[PDB]
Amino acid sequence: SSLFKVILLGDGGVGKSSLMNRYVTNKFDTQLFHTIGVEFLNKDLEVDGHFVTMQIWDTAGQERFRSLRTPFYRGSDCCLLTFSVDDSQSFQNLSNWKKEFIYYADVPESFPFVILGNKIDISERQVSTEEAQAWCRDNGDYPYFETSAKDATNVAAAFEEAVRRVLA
């Protein structure tokens, strides 16, 4: 309706649940449930003088739980591919997540994707801003945000870009 859907995809542990909670409730809690399956929260917004609800999903990241999450890709209006900057592996797996999304979502190389490098509050990184920025350029020229769910840094900024991408 005035409802649109976005999904966070990325390895387990990169901070998807926390990013959602920070965006939606402006809190960083340390003991979120571990969900074997998928999860969502409603974000009530107002764009162009209208009420719009962004429904934010994410999933379990383990390969063995693929079958539990891919039925909920459908209807996603934007995909937030997430890694954490402290974890090169998570960054290396971005193409994997994009391909999985594309396979199962059935949405076009014009689909809205947004890339979040999370846990930037972590000074000891495995991934440089430049290589992530690089990757985004060469892989669809997606917008890139360095975020911290813990300290809230760029989190609304990244979700707002998603909103406008969808709305566009």
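Start at 1 with the first residue shown and count on from there.
Going from residue 45 to residue 46, you skip over nothing: the modelled chain follows the deposited sequence without a break. Look at the mean CA B-factor for 16 to 24 and for 143 to 151 in the entry; the higher one is 143 to 151. Averaged over CA atoms, B-factors in the entry run higher in 114 to 122 than in the other of 114 to 122 and 63 to 71. You'll see in the entry that, of 99, 50, 137, 34, the Cα B factor peaks at 137. Per the deposited record, the Cα B-factor of residue 76 falls in the lowest third when ranked against the other modelled residues of its chain. Among the modelled residues of its chain, residue 162 has a C-alpha B-factor that falls in the middle third, as given in the PDB entry. For residue 168, the recorded CA B-factor ranks within the highest third of the chain. Only modelled residues enter the ranking.
Split the chain's modelled residues into thirds by C-alpha temperature factor. Residue 82 is in the lowest one.
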